[PDB]
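Colleague: sequence plus experimental coordinates follow:
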Amino acid sequence: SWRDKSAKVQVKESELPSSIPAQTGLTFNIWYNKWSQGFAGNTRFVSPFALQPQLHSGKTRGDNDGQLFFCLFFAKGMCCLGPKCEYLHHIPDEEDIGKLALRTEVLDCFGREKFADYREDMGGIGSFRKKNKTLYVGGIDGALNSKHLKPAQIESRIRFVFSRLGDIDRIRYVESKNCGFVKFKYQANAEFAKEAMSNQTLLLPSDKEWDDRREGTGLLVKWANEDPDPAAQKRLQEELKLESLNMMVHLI
Amino acid sequence: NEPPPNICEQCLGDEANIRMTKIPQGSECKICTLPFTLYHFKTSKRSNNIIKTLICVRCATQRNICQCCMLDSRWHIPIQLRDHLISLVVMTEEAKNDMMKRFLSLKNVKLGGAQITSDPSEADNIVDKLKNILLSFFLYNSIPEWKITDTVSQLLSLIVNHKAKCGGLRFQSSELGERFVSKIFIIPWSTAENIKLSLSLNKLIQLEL
Amino acid sequence: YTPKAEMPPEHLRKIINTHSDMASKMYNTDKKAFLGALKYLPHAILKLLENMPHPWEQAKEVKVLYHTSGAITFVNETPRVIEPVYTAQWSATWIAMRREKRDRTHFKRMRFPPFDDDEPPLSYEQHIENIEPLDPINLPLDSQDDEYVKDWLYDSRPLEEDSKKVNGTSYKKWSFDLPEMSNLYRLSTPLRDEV
Amino acid sequence: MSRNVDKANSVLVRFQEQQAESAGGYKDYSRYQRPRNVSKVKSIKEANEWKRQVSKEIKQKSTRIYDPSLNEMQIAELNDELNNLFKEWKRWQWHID
Amino acid sequence: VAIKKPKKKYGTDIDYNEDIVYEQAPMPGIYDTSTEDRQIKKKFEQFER
Amino acid sequence: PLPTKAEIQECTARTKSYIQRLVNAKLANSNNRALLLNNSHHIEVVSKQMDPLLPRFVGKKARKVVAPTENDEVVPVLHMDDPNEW
Amino acid sequence: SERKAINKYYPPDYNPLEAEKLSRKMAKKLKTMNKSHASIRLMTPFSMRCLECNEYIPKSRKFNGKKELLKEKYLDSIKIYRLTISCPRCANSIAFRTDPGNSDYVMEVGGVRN
Amino acid sequence: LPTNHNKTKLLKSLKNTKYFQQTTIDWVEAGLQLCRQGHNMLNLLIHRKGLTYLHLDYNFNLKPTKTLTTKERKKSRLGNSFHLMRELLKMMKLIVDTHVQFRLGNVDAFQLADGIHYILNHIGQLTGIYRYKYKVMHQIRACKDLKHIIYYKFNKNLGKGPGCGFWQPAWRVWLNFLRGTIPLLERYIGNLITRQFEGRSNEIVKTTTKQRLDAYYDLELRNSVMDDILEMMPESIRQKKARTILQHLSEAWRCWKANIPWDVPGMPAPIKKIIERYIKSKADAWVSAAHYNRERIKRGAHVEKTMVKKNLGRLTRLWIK
RNA sequence: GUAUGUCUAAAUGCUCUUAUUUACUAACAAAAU
RNA sequence: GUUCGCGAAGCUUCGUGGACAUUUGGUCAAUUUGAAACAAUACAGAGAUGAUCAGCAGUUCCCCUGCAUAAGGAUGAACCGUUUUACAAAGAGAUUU
Ligand SMILES: [Mg+2]
Ligand SMILES: [Zn+2]
Ligand SMILES: [Zn+2]
């Protein structure tokens, strides 16, 4: 219970929060902060940090003042401000979501503008046009350092990571596509999860490849392009209908 | 010359004085990607985080929406939903293209539905029509896990596949489970025949892929 | 309205130092500001150049405006002088130079550029701490002839603040007595050489 | 050093590349020829890069070989080249890790 | 299927509809047109299938 | 009739005011130097002084924009009424 | 930044000899520079017919050829070169050699002079 | 005679904002800041431009890292604004550098003075401004003159050698030069930065240029002819016919040039007549122009080599006719 | 005036050879006593 | 904290009423996922015309360099392809009512 669990957080101290870029290119472009004169390198690298939320989550300088938006850095697991952060440090609970449900159309749970069109890769901060709570997970091969695991095991792992991060609606691992679809109750929660699990390893301490988790490439967590197979579609339609009904009720 | 900002009642705030700054060609509208004046207000003086307008007035007019909330000017519903309702009683297709979106924005037709929402005549009629229209343990036998979890809590990690329909709840405590049993949709430990059959079928389906 | 806050130079220095290794998403806007500032960089240059400390001056303190982003820094003050006094000073300097020339077998003329193309120009913080800046160009005076001028002649603000000989610290007008004026005239014999 | 190739392989550029390689680890696996005999490549990343390069090459080969003048002998030659590329790729998928 | 790479923000003329000019709302307006369009589109789904 | 003098004057004033205003606006836009209500609720508009280094009009970026003609009313295009030579 | 640039910038540590050595070390590895058929732009002096598709490429017509060194020199110390071309229509590799005994060229299994 | 209106100087406006604040600073420190800030600006702008391969020295001498491929070169040719700015910065550094040196125990006061003097006279040699803006040449000349005067005054009884201070007049001259630049740089550099942020939509070329004039004129003539033909008679699918008309006109012109009679049987009297009239007009415009060119040539009045050749040809043709 | 365009999934040190260059570019310009 | 008054203890100290001063800052939050380009490899490769080459324009929902209404960009980019109806009149022959 994050309020009475703790106050403190201090995820990654301001001594070592991050080095700035990773060398692609020959020369370093001061204006873009991106290496130039060459592009060789798959670029996506695994997060040095992570959100162990039960430990970390806490009261902030924001909580007292009445901040709406949660801390991106906290989600990522590297908020060096900690208790003096102005953005919130906890998993988005229901009440909080309700409170910022007016704004949640235009901008994310992080207080940053949702766009009109999706990014072509479905890669970040979803559109305000299509509301969504549904994350594509990918690069699970790369996130587990090419480990010969059972799909079931992988699914379980995903559940473990994602359940903690937010109230789950439903999850699907797929062998053929080699992916992990997750759906949440609240869009905000989903967003938070995405922020967290971007570039994260799925591995555990008990695994034998724990010390070389950094050398791999992390989870590619993105937005879900809707499932075409028909039952799912039907379900979605039903949900939409229900929503409409609710809206109508509210109106009258 | 400039038209005025279209900010809703709930968008703007609950107070009888708000101060805002206008920033002419501040940002590009999110829909249209075309320069427009940003209004941004603080609601109450001291309440943190600003509320900048994210869309151009023209676009707002077309969709008939709050320039901050992105919700129907009248009913305060997401554009999809409001439009969907109207359809139920045709929806807008924002054209997600670099050039075309701008063109669409500049058109002044009130895209789709917006007209109905604008007019007292039409919105009201639609509403009326709508009204008329209206008037450890495995678990077996689709619904979301956040509901299941809630139910469990009420009764007092929770895995559930849907292709399987096979929910293996693991409280990890003999106390929680033994309280859970007494205080009380097939629920064993770690038309019945029909149910069994269906379950089996589901399992088979899960296992063929 | 109410005038600008006289800030501490320390703050300015800190600001400057911060925007050396500037390559984060932090100060995105500072880079923009910097870019914008090119507009006024020539103005800044003109200002700084104008304020050049004269050879009768070890180190001039100068008024400075600076963008809080750290993008540009204008020397703000415009250096005005008591004309005759200025002329006298220049004459004195000239005389000193001549004397130096007479003295020295070889005069060690500077090499250019003064610092290397590789070596990045030392921050001012390496040589605030250093010893008193070596003596500037002001000729050997005498109590008999140049009795009046000697005390102030070689000062940053040629005539002191809070005196009856100039308007005040704004340093906009001056009124002199005779003997000082005479002394100045005598000094300026090289430059003011007019028919 | 007209026509760009010369510029690319001008000494200064080479030096720069070397420096990059030394500090940070920027290589251009496009720029160097892929080695013939695998198992003289202890690092995994390098191997992966090589594999990627070969895949790219194969793709390139494929793109061109379906051109309209199909009866010309160049296409035929490439067919063997394509096969070779495939073989190389397969080899690169060695089972050390 | 791979799309033609864009050069400087152009339109892919499948989606979006290109720079549309109106139907021009006339006096003898009838609502069968929409139905007809729908019917036409139904057939093309079949073709696709 | 040749239009009334007063009327003409008025017209001049209108246009003169407008054109002048337009010119002023243009001048303002050029980068070289030298109250409201929503619904029932009253609202104060302000203009904050942005920093003089940052781009004045950060919105604009020299965008191409095709416009629709939007001619809803129909122009009547009226008229009246050896081919081998011509 | 300008074609007549007097001095290219060097890093503050650039032992020129050392740099050269390094380059050499990374020249055997290098893709380009360690290969034959280096490109060239040339007009065609022979004025000849492409043997496959009979395309009559005339005198002085410009092409982006490949110049390669023929190891077997003429006499002793005066080199001779293969100069590859493609026919405009069909992509057949025409080429020719420069045997300097006659102060002229020789056709090399590409086309025929006429 | 100066501005009646403008009280509002640049600094005052800046002060009136919240973004500037003001300190009192040692002049050397200020200079150093300028050098650093200026350097940053030039790097930042350069990086924005994309050209990361043109490296700035801390002395402001810009030059390229590799040898640039042609595309890169094209991308990365900075112009008369940026280079001018760089030059200015370099100059500043040089004076500031000398003062820094003086402050440090490295160089005497007299020496410092002399160095400054050298800089101000030798701006010309020390660093290319003149390259980019060659009216700085006047300033340079003035400085030289001053040096000549000053040195002769200063080394009268004393002999020839280095060590003449008295940088004042030179300094003054440079300051005054800078005044002019302030404006030019503000238009130029400012414009460049605007472009970088918001890069122009639809520029309009200008036919008052020697180049492009003739072509433009021809085009105009063609248009006029087409209009006339349209006016003349009814047509169905006239676009196709326009091309034909144009071709006919061209042919007529060619004939005129040659002195061939342009008689085509199918051409109807009126259209043909109109075409003839326009070719006559062209001839009038052309012949006169040729004559003018010839006159210019005779004088010795900035004729273009190509233009002269044309005149020679045209005139020859006329003679033949 | 050193053109251009498509194409891109996310072994180690060692030394020895030189009074040169398989050098490349031609957008630039073209006459006699 | 400054202080100008009142009330208690020994001008010194507590307890009070006032006056003075009064709402900053954010279109921004620190690494991959809200969009920089060159470069590189591979593959081809240069306006008319037979060929070689100059320059100028033109159209555009393409831009870049340029202070630019100079100038320059592969003749700067794409234009070189598709191309069957405001459709009529006359004559001859054939099947159906
Ligand atoms: Mg050309
Ligand atoms: Zn935080
Ligand atoms: Zn609203």
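Modeller: Perfect, thanks for sending it. Numbering: from 1, shown residues only, chains lettered A, B, ... in the order given. Ligands and ions are numbered 1, 2, ... in the order given.
Colleague: next up, phi/psi of residue G:30, please.
Modeller: phi -50, psi 140 (degrees, to the nearest 10).
Colleague: pull the contacting residues for it.
Modeller: Shown in contact with residue G:30 (Cβ atoms under 8 Å, 6 or more residues apart in numbering or on different chains): D:9, D:14, D:31, D:32, D:33. For the C-beta atoms, the positions are set from N, CA and C on the backbone; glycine is no exception.
Colleague: top of the residues you listed by neighbour count?
Modeller: residue D:14 (23 neighbours; other Cβ atoms under 10 Å in any protein chain shown).
Colleague: and the contacts of residue G:30 near chain C, which?
Modeller: Among the contacts of residue G:30, no residue lies close to chain C (Cβ under 8 Å from any Cβ of the partner chain).
Colleague: narrow these to those in helices?
Modeller: Under the assignment DSSP state H, the contacts of residue G:30 contribute residue D:14 to helices.
Colleague: any chance of the contacts of residue G:30 in TSV, plus distance to residue C:109?
Modeller: As requested, the contacts of residue G:30 are exported to TSV (distance: Cβ to Cβ, whole Å):
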residue	distance to residue C:109
D:9	45
D:14	41
D:31	49
D:32	52
D:33	56
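Colleague: quick one: the closest residue to residue A:70 other than its chain neighbours from ligand 3, how far?
Modeller: Counting by Cβ to Cβ, 6 or more residues apart in numbering or on different chains, residue A:88 is the residue found nearest to residue A:70 once chain neighbours are left out, at 4.5 Å. Distance, residue A:88 to ligand 3, by Cβ to the ion, to the nearest Å: 23 Å.
Colleague: so who does residue 70 touch?
Modeller: Going with chain A. Residue A:70 makes contact with A:87, A:88, A:89, A:90, A:92, A:96, A:109, A:110, A:188, A:192, according to Cβ under 8 Å, 6+ apart.
Colleague: you answered for a different chain; I wanted chain G.
Modeller: Shown in contact with residue G:70 (Cβ under 8 Å, 6+ apart): G:79, G:80, G:81, G:82, G:97.
Colleague: ok, back up a step: hmm, residue A:97 and the residue nearest to residue A:70 touching each other?
Modeller: No: between residue A:88 and residue A:97 there is no contact under Cβ atoms under 8 Å: 11.6 Å.
Colleague: these two: which has the busier surroundings?
Modeller: Neighbour count, other Cβ under 10 Å: between residue A:88 and residue A:97, residue A:88 has more, with 26 against 18.
Colleague: residue D:16: which element?
Modeller: helix D:11-22 (DSSP states H and E).
Colleague: so the next helix or strand after that helix, near chain G or not?
Modeller: Following helix D:11-22 in sequence order, the next helix or strand is helix D:44-65 (DSSP H and E). No: Helix D:44-65 is not in contact with chain G by Cβ under 8 Å from any Cβ; minimum separation 10.5 Å.
Colleague: can I get the CA coordinates of helix D:44-65 in PDB?
Modeller: Coordinates of each C-alpha in helix D:44-65 appear next as PDB, following Å, rounded to 0.1, in the frame of the first residue of the first chain:
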ATOM      1  CA  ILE D  44      28.900 -12.900 -30.900                       C
ATOM      2  CA  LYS D  45      27.900  -9.400 -31.800                       C
ATOM      3  CA  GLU D  46      30.400  -9.300 -34.700                       C
ATOM      4  CA  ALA D  47      29.100 -12.700 -35.900                       C
ATOM      5  CA  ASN D  48      25.600 -11.400 -35.800                       C
ATOM      6  CA  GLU D  49      26.500  -8.300 -37.800                       C
ATOM      7  CA  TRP D  50      28.200 -10.500 -40.400                       C
ATOM      8  CA  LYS D  51      25.100 -12.700 -40.700                       C
ATOM      9  CA  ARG D  52      23.000  -9.600 -41.100                       C
ATOM     10  CA  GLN D  53      25.300  -8.300 -43.900                       C
ATOM     11  CA  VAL D  54      25.100 -11.600 -45.700                       C
ATOM     12  CA  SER D  55      21.300 -11.600 -45.400                       C
ATOM     13  CA  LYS D  56      21.200  -8.100 -46.900                       C
ATOM     14  CA  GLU D  57      23.500  -9.200 -49.700                       C
ATOM     15  CA  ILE D  58      21.200 -12.200 -50.400                       C
ATOM     16  CA  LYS D  59      18.100  -9.900 -50.500                       C
ATOM     17  CA  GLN D  60      19.900  -7.600 -52.900                       C
ATOM     18  CA  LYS D  61      20.700 -10.500 -55.200                       C
ATOM     19  CA  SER D  62      17.100 -11.700 -55.100                       C
ATOM     20  CA  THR D  63      15.800  -8.200 -55.900                       C
ATOM     21  CA  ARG D  64      17.800  -8.000 -59.200                       C
ATOM     22  CA  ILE D  65      17.500 -11.700 -60.400                       C
END
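Colleague: can you report how many residues lie near residue 25?
Modeller: Using chain A here. Neighbours of residue A:25 (other Cβ under 10 Å): 20.
Colleague: um, chain G though
Modeller: Neighbours of residue G:25 using other Cβ under 10 Å come to 11.
Colleague: that one and chain D, how far apart?
Modeller: Distance, residue G:25 to chain D, using Cβ to the nearest Cβ, to the nearest Å: 8 Å.
Colleague: hmm, back to that, which two among the contacts of residue G:30 are spaced furthest apart?
Modeller: With Cβ to Cβ as the measure, no two of those lie farther apart than D:14 and D:33, at 14.9 Å.
Colleague: could you pull up the residues touching residue G:88?
Modeller: Taking Cβ under 8 Å, 6+ apart, we find residue G:88 in contact with G:55, G:57.
Colleague: so the one residue in the stretch 51-200 of chain A that gets nearest to chain H bridges to which residues?
Modeller: Nearest to chain H, among the residues of the stretch 51-200 of chain A, is residue A:113, at 20.5 Å (Cβ to the nearest Cβ). Note on residue A:113: beta-bridge partners residue A:107, judged by DSSP bridges.
Colleague: there's contact between it and residue B:51 in this structure, I believe.
Modeller: No: in this structure, residue A:113 is not within contact of residue B:51 by Cβ under 8 Å, at 11.9 Å.
Colleague: what about these two, which has more around it?
Modeller: residue B:51 (23 against 14).
Colleague: look up how far ligand 3 lies from that one.
Modeller: According to Cβ to the ion, residue B:51 and ligand 3 sit 9 Å apart.
Colleague: quick one: residues contacting residue 40.
Modeller: This is for chain A. A:24, D:26, D:27, D:28, D:29, D:30, D:49.
Colleague: please refer instead to chain H.
Modeller: Shown in contact with residue H:40 (Cβ under 8 Å, 6+ apart): C:19, C:20, C:22, C:34.
Colleague: any idea what it is structurally, helix, strand or coil?
Modeller: Three-state assignment for residue H:40 (DSSP: H, G, I helix; E, B strand; the rest coil): helix.
Colleague: do the helix or strand where residue G:68 lies and chain D meet?
Modeller: For residue G:68, the host element (DSSP H and E) is strand G:62-69. No: Strand G:62-69 lies apart from chain D when judged by Cβ under 8 Å from any Cβ; the minimum separation is 9.0 Å.
Colleague: give me the contact list for the next helix or strand after that strand.
Modeller: Tracing the chain C-terminally past strand G:62-69 and defining elements by DSSP H and E, one meets strand G:81-86 next. For strand G:81-86, contacts defined as Cβ under 8 Å, 6+ apart pick out G:37, G:40, G:42, G:44, G:57, G:63, G:65-70, G:92-98, G:108, G:110.
Colleague: which of these are buried?
Modeller: Buried by 16 or more other Cβ atoms under 10 Å in any protein chain shown: G:40, G:42, G:44, G:57, G:63, G:65-68, G:92, G:94-96, G:98, G:110, out of these.
Colleague: would you confirm that residue A:123 contacts residue A:222?
Modeller: Yes: taking contacts as Cβ under 8 Å, residue A:123 lies within contact range of residue A:222: 5.4 Å.
Colleague: so what's residue H:187 up against?
Modeller: Counting by Cβ under 8 Å, 6+ apart, residue H:187 touches residue F:32.
Colleague: alright, I will stop here.
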